[PDB]
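Chains as they are written, first to last, in the authors' numbering: chain L, 55 to 130; chain D, 837 to 858, 871 to 1012, 1053 to 1085; chain F, 86 to 150; chain J, 114 to 177, 192 to 217; chain I, 13 to 132; chain E, 210 to 378, 419 to 747, 754 to 800. Worksheet: the structure to be examined is printed underneath.
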Amino acid sequence: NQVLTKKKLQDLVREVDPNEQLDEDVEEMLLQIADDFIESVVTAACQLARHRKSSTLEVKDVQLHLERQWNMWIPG
Amino acid sequence: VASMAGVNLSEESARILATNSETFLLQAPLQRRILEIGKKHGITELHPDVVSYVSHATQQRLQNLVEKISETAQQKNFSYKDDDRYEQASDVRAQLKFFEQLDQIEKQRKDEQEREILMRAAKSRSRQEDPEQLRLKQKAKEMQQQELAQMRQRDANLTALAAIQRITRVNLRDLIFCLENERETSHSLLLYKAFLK
Amino acid sequence: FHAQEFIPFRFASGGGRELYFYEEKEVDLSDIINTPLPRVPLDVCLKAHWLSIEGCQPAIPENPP
Amino acid sequence: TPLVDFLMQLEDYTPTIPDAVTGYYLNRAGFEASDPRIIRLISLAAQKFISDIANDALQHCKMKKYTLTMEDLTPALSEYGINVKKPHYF
Amino acid sequence: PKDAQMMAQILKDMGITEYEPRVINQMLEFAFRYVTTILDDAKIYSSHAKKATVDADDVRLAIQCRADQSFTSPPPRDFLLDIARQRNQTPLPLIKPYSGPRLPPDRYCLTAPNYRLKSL
Amino acid sequence: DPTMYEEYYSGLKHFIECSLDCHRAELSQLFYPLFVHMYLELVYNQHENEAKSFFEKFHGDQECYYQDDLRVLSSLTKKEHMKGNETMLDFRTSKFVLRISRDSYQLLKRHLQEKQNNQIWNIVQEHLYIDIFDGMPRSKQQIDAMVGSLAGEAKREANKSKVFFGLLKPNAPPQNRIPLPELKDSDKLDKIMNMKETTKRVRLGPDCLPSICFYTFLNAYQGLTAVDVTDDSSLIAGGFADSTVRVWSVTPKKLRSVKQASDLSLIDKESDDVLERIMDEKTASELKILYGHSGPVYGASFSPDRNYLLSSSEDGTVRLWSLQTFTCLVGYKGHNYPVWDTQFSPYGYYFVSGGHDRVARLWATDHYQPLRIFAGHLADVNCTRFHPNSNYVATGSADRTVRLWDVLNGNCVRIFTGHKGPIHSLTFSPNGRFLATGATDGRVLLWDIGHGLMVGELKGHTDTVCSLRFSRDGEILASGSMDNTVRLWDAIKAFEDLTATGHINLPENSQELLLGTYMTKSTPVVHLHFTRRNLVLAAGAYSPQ
C-alpha cells in the first residue's frame, strides 16, 4: 500500500547533498506529506475530469491542478 | 515557466548555490491508489501516462522540500567563531550558566549549614532528646549509603588487581521551519500535529 | 496585488492602499517629494495619577469633571 | 566575501530610505536594530526591487516615457508572477 | 458610491458601528481581488472543458477549488480531543531541585553567542 | 420533512406560549436550540430556500442575548459555508443540555410522546439532551441569568467532581499532587519582605474604600494590548500593537541588566553581595523595550520571582523574556494561531496559554512541547487563569463558557455557563473558593468552585469588562471595563451563604454590592492590580477618541 519505499527518498537527499542524513521522524513526516500530496492532487484532478464529463483522468487534468494551485509546471 | 522573469526561478537557482557553498513512486501500488479515490467521483479508469506523471509530480514536490530543508539544516552548521571577521556581541547562554553556578553555590551553602547542624547534634546524651536522635540516625543512614558505594568501588579495585567528516543532520525543526513559511501546509493539520511530535 | 508564487511577500501586510473616491487619479511625481513629511509623534510613556483618594475622586486634570 | 566587503563599506553610506523608517518596519516584525549597516542593506534591497519593477514598467511605457499608469504596472509585474489589481470600485 | 454603500450595510448588519474610513475601501479591494481570481480560474476551467461560454458549473468549480486552498480553519473538535487525550495521559515530570534557570535544551532556546561583524 | 419545518417549530411555539406561566418561562429554553438545529440541518442537506424562509419567520422570537449567533447564522446559507466554520460544525454534532424541571418536563413529554408531534420529538431526542432536576420551575429572570452559551447550561454530572479548591501550605490538595518547584533561599527571602508589606495592609471593607492609582499610558499611538504588574508593585509591562513589550520600573530603581560573561568570570561567587556585584550600571534605564514578536502582543505575564516575563502574540508564539539579561530566551511554538492570553503559575514553573485554535496548552518552561492540552472549548480560548494552588486552570472562552481544568489528567472538572458575550476577564478569590468572570455583556458573575454554582451577578458595567481582581484580603472585587470606570464590589457580602437542583436563587443585589464607581478620563481600564498594602493600581492607554 505504501507508494514511497523510504530508500528512494534517501536517494532524493543524496542527489542534493552527498553528506546528509535525515532523522526517522523527518523521513516519516516527508512520507506523510507525499501521501497527502498524492491524495489532494488526485481528488482535485478527478473533480476537473468529472467537470470535463470524463471517466478517464487524463494528465491534462493532473497538469492543470499543479499549475493553478501548486505552480509546479512539470513538463508533460 | 509561464513567467520568464519568475521569482521562484531565482530562488531555487540561488538556493542550490547556497547549498553548494555549504522519488519515482512505485507504479503498481500507486495505480491502485489513484483508482480507489476515483470511485468517489466516477473516474473508473485512468490514462496510462498519469500514474508516471503523478510520480514525477510527487518527486518535484519533495525535491522542492528536500532542497528547502537542506539550506536551513546547513544554516546551523555555520560556525562564526572560527572566522575572525565576526565579533561576539551577547553570550546569554554563558550568563545562564553563571546563574546555574550561583544556584549550585547556594545549594552548597545550605549543605554546609546542614553539616554544621549535624556536627552540633553529634553530642546527643539526652540533652536535646529526639531532635538529636533523629539527626544521629540520618547521619548513620548517610554513612551506610556512602559505605555501600565505597565497597562497590573496593570490589571493583580487587577484581582489577586480579586482572593485572561533518554529517549534516536534518531535525524535525528544519522540516517545521519549511512548512509554516510556504502557503500550503502553513495552516494544516500536518504541521499542527508536527508541533507535538 | 496577488503573487501566485507568494515568495517575495509571504503573508506580509503592506498597509493597504491610500485611495479615495474623490481623488484626482493623477499626481505629479515632484509634488509628493516637495511636501513636508508629517511629524513622528511622542513615544509611549507611563504617568501615574489618582482616580480615588480614600473613596473620593479628585478634580485634577487627569480626571473628567 | 564580496557582500561582507559591501556591508563593511555600508557604514558612511546613506540610503534613499532613511534608517528611522526602514528600522520602523523592521521593528514591527521583530527585527531589532543591532547594526545600522544591516538596516542599510535591507533598505537597498527593497529599493532595488521597487527600482527594477519601475524600469520594466518604463520599458513598457516607451514601447507603447513620462506617466506611469496601472496598464504599465500590469505587464511589468506579470513576468514577476504578480497580478496587480485595478481599483474599479471608487 | 454604489458598491461602497452596500459595504457599509454588511458591516452594520454585523453590528460594527465604529470603523475607519479605509476599512470599506480595502474590503472592496479584497472583494474585487476575490472575484477576479474566481472568474480568472473559471475561464481556465472552461477552456479545459472546451466551452466558449463560462457557465455556472465553471464558477461552482472555481469557487470550491479556491476555497479548498485559500480559506482554511482551525483544527476540528474530533482532532483536538484526540491529540489532547494522547498528550494528557503522560504524567507530569518531577523537577530537579537546583538545576538553575529552568530552560529547554539549548537548540530549542534563543541563547547563543549571537555574533556581529567587525567594523573596519 | 424539510418543507414543513416551519410547521413543526410553529406548532411547538404555539404549545409553549399557550402554557401556564410557571412552565412557560422554563419551556421557552428550547426555542433557541430547536431553531438552530433545524436551520443548520436544512443548510447541511442543501435546502437553502427553505432555510432562508425558516430563518426569516422565527429569528425575531429568539431571546435578545442571541443576536450575535443569529447574525453568524444569517450569513450561513450554503453547506460549504458551514463546512469550514468549525463552531457551528461542533454545534451540530454536540447536544444542547437544556436543564429543565420535572414539573415542566411532564407537560413537554405529554405533548411529544403523541404521534401528532413525532417529528419535533424526533429532533429533540436527537439533538437535545434534557437534564432533569426535581424542584421548582425557575423564574424568567433566573433562567436569563444562567443561559446564553452555545451547547450551554451544562449537566450537573459535570459539576459534581471533587475539586481541591483549597490553598497549599479538607479541600486542599497535597503538595506532591502537582510536582511544584522548590522554594529557594532567594524565593524565601521574597516572602520575608512580602509580610513586611502585609503589616501595613489595610482592611478595606465597605467603609475604608481603597485609593486607586491609575498608571496611564499617555502617548500610546501603538495600541496597548497587554498589561501586567509584578506581585510587588515594582514593574509594569506593556504589550503593544507595534510588536513590542516594554518594561517600566515604577519604584525609584532603574532597570539594570546583569553583566556580560567576561565581567562575571573575573568576579567571585560565594560573596554576600553577589547579585549586587553582578548588576551592570552601564545599562540602567527606566524603560526596556523587548523586540522579537512578529505581531501584536496580546498576553503579558510576570513570574512571581520577578524574572521571566511572558508574552504571547498574533504570530502564534509564546515568548519567555529574561528580566536579568533583558533578552528573549525561548519561543514556544505550539499554536499556529493568535495566542490571546498567557499566565505564569503562581509558583512560577508552569504556564498556560490559550489561543485561537480553541485549546489551552500547559507548558513548563523546560520542554519545547506542552504537557497538557485543554481541548474542550468550541471557540477561542480568550482567557487562561491558574488557581491559587495551581492544580486547576480556568479558561474562559468566546463560546460563552468558563471551564476549570485539572492539571492532572487534563479533565474538565467544572463548566460555568451564563455569560452572553465572550469572556474577557477571569480572576480567582484568594480563598480559592470563588471565581469572578467578566464578559462583553457587562456582567460580572461570581461562581462557586466546590459546588459549581454561580453565587452572584454584578451588572453595573455597560461595556466589556476587561479586568477583574479581588483584594489581597478578599474584601473587595475591583472591576474595570471599556466604559472607563473602575467599579468596586463588596466581595464579602456577596459570599455570605455557602443542592441537587444545581442552582441557587440569585439575589438581584448588585446595587447593595457597589461600594463605588470611578470614571477614567477617556481611558479603558485594561489592568487592575492590588498592592500588598491593599492599594488599587490600574493601567490603561489614554485614547482621546
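All C-beta atoms, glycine included, are put in the ideal place defined by N, C-alpha and C.
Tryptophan 330 of chain E, DSSP secondary structure in three states | helix
Residues of the stretch 944-970 of chain D whose Cβ lies closer than 7 angstroms to any Cβ of chain I, in chain order = Listed by position along the chain: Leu944, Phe947, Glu948, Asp951, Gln952 and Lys955.
Cut-off 6 angstroms between Cβ atoms - residues of its own chain near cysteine 661 of chain E, not counting five sequence neighbours on either side = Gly625, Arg652 and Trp654
Chain E beta carbons: is any one of them nearer than 8 angstroms to that of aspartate 15 of chain I?
-> no
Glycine 220 of chain E (DSSP reduced to helix, strand or coil) | helix
Does DSSP classify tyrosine 253 of chain E as helix, strand or coil?
-> For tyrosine 253 of chain E, the secondary structure class from DSSP, reduced to helix, strand or coil, is helix.
Residue burial classification, residue 798 of chain D (beta-carbon count within 10 angstroms, cutoff 16) | The displayed coordinates of chain D run from 837 to 1085. Any statement about residue 798 of chain D would go beyond what the structure contains.
Complete beta strand (DSSP E) runs within the stretch 93-143 of chain F (minimum length 3 residues, chain order) = DSSP runs (the beta strand (DSSP E)) wholly in the stretch 93-143 of chain F: 131-137.
Since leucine 118 of chain L contacts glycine 886 of chain D with CB under 8 angstroms, what's their CB separation in whole angstroms?
-> Incorrect: roughly 17 angstroms between the Cβ atoms, too far for contact.
So, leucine 569 of chain E versus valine 579 of chain E, is the Cβ gap smaller than 8 angstroms?
-> In terms of Cβ geometry, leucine 569 of chain E and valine 579 of chain E form a close pair [threshold 8 angstroms].
Are the C-beta atoms of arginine 1071 of chain D and some chain J residue less than 8 angstroms apart?
-> no
Between the beta-carbon of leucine 717 of chain E and the beta-carbon of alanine 685 of chain E, is there less than 8 angstroms?
-> yes
For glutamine 89 of chain F, count neighbouring Cβ atoms within 10 angstroms of its own Cβ and tell me buried if that reaches 16, exposed if not.
-> buried
Alpha carbon to alpha carbon, how far is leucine 76 of chain L from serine 1074 of chain D?
-> 22 angstroms
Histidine 119 of chain L, enclosing alpha helix (DSSP H) - first and last residue = 113-119
is_contact[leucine 104 of chain F, chain J] using C-beta, thresh 8 angstroms | yes
DSSP bridge partner residues for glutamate 74 of chain L (one or two, in chain order) = D/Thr1056
Can you tell me whether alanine 1082 of chain D is buried or exposed, with buried defined as 16 or more other CB within 10 angstroms of its CB?
-> buried
Chain D partners of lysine 62 of chain L, CB-CB under 7 angstroms?
-> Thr871 and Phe872
Option nearest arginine 649 of chain E by Cα separation, candidates E/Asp739, E/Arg526, E/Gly670 and E/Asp606 = E/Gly670
Whole-angstrom Cβ separation of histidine 782 of chain E and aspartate 554 of chain E, contact assumed at under 8 angstroms?
-> Incorrect: roughly 20 angstroms between the Cβ atoms, too far for contact.
Option nearest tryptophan 127 of chain L by Cα separation, candidates D/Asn844, D/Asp897, D/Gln879 and D/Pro979 = D/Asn844
Give, in chain order, every residue of the stretch 15-33 of chain I whose Cβ lies closer than 8 angstroms to some Cβ of chain E.
-> Hits within the stretch, in order: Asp25, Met26 and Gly27.
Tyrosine 901 of chain D: contacting residues in chain E (beta-carbon distance under 7 angstroms) | Listed along the chain, the chain E residues whose CB falls inside 7 angstroms of the CB of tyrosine 901 of chain D amount to none; the nearest CB is some 29 angstroms away.
Which residue or residues does DSSP assign as beta-bridge partners of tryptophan 127 of chain L?
-> In DSSP, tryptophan 127 of chain L forms no bridge with anything.
How about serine 109 of chain L: is its Cβ closer than 7 angstroms to a heavy atom in the ligand FAD?
-> With respect to small molecules bound, the structure shown includes none, and the ligand FAD cannot be examined in it.
Checking contacts by CB at 8 angstroms: is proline 877 of chain D closer than that to chain L?
-> yes
Considering only residues of the same chain and omitting the five flanking positions on each side of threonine 1056 of chain D, which have a CB-CB separation below 8 angstroms?
-> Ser918, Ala921, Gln922 and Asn925
Could you name each continuous beta strand (DSSP E) segment of 3 residues or more that falls completely within the stretch 440-510 of chain E, going from the start of the chain to the end?
-> 461-466, 473-478, 484-489, 493-498 and 504-507
Helix, strand or coil for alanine 54 of chain I per DSSP?
-> helix
Return yes when the Cβ of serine 506 of chain E is within less than 8 angstroms of the Cβ of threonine 447 of chain E, no when it is not.
-> no
Ignoring anything shorter than 4 residues or poking outside the stretch 874-906 of chain D, list the alpha helix (DSSP H) runs there in chain order.
-> 875-886
For the beta strand (DSSP E) containing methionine 528 of chain E, list its first residue and its last residue.
-> Segment 528-534, the beta strand (DSSP E) holding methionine 528 of chain E.
Contacts of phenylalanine 91 of chain F in chain D (Cβ-Cβ under 8 angstroms) = Proximity of chain D to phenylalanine 91 of chain F at the Cβ level (cut-off 8 angstroms) is accounted for by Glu1070 and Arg1071, in chain order.
Does DSSP classify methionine 213 of chain E as helix, strand or coil?
-> helix
Residue-level contact to chain D via CB, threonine 65 of chain I, 8 angstroms cutoff | no
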